[PDB]
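In the block that follows, a single chain appears as structure tokens, in the form deposited in one PDB entry.
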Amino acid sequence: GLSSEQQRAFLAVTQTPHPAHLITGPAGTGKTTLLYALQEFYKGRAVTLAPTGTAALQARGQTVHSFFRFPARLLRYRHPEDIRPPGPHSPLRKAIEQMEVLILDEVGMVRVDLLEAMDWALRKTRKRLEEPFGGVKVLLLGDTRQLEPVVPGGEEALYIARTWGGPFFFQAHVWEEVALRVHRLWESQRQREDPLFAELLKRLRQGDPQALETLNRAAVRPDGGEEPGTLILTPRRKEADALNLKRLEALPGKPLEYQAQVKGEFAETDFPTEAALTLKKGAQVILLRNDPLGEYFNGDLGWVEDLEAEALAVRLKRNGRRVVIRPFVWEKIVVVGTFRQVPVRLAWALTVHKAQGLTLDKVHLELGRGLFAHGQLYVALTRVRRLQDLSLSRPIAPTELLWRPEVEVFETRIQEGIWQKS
């Protein structure tokens, strides 16, 4: 069962009427495991969300965007074009009106506009414009030393800097109206059988330069990616694409190319997957959409066992079952354009963003062009249970590590067990 610190956080959150809680702690402390106990306690009263397909599946929930039907773009502060309440007799309206608890996992990855849009979407649907989250009890779980929210450099960064001052969930204006009670987990459950590896991760989290050189001497193994049962992580999509292409090319099976059908407007680069996707029998893949029948999920890893122009059979890693995947129609709505493609991507290599929240048997980090996101390295290192399960393509220099002053201000302030934005 639950550890004594998970049990203490479980009781602190469930026994009080206080409507805003944050359960935070280092990687693998058992936050999502506590989230499963919270789901058994609240059952139907709670909706569980997470910012990524991976984190949502790990949390036995849904992405924030698929639940609220938010567009995959910047969500302007309380903007009616971006934040639309559901229809008068829709299944989403009923779900929002009846909800008592919102469980939000991997909150560190939740961008400020996404959290603010959740607040406003709840207040509008529930017709409670003066109550944060429309009276919904909010249980946030995550870690600000793991991946920072994704901020494209142009007009999105400007808008965020002008509206919130920064992109972090804790910079949301909702926190001026409600105090966030903070509960902590400290004990590594993922690395519990390797205590020196748990301590090395702790020193790396604290930016210790000696722990980095120790990590480099022990874990640098350029051939680490070629070993069976290893998942490769890369900072970039184009880096993962090159490593996936090489594995696909080595497979003996006849290739089959899947040309996406693009109709109407539908802008390039967005595009939820590649327009000309090549697959073979034996290819390692990741599923990009939840089955409307509930047999597979966005984030499911698997292997292609059969393939044809309009269908493929995928053996799932999660349950050892075969599922039949047909092309999916992504519709750009203002229904200006469509993008029809099989909702699959190659997955011998994935971005570090797609691994956050997972416990992996074996990981190899391919540095490529380098680290660009705060918490990116830390996420890659902390996916495994033991040091021997981790390998790096090259040594990492101390100059590659990132500092986020806004994260440090938040982390210092929550030491008091509360977050109250001025």
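Numbers follow the displayed sequence, beginning with 1.
Form deposited in another entry: not shown, discussed below.
Of the two rigid parts that account for the rearrangement between this form and the one not shown, a single one contains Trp186 as well as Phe133. Put simply, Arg84 and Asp270 spread apart in the other form: their C-alpha atoms are 3 Å or more farther than in the form shown. Relative to this form, in the other form the C-alpha atoms of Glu268 and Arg84 separate from one another by 3 angstroms or more.
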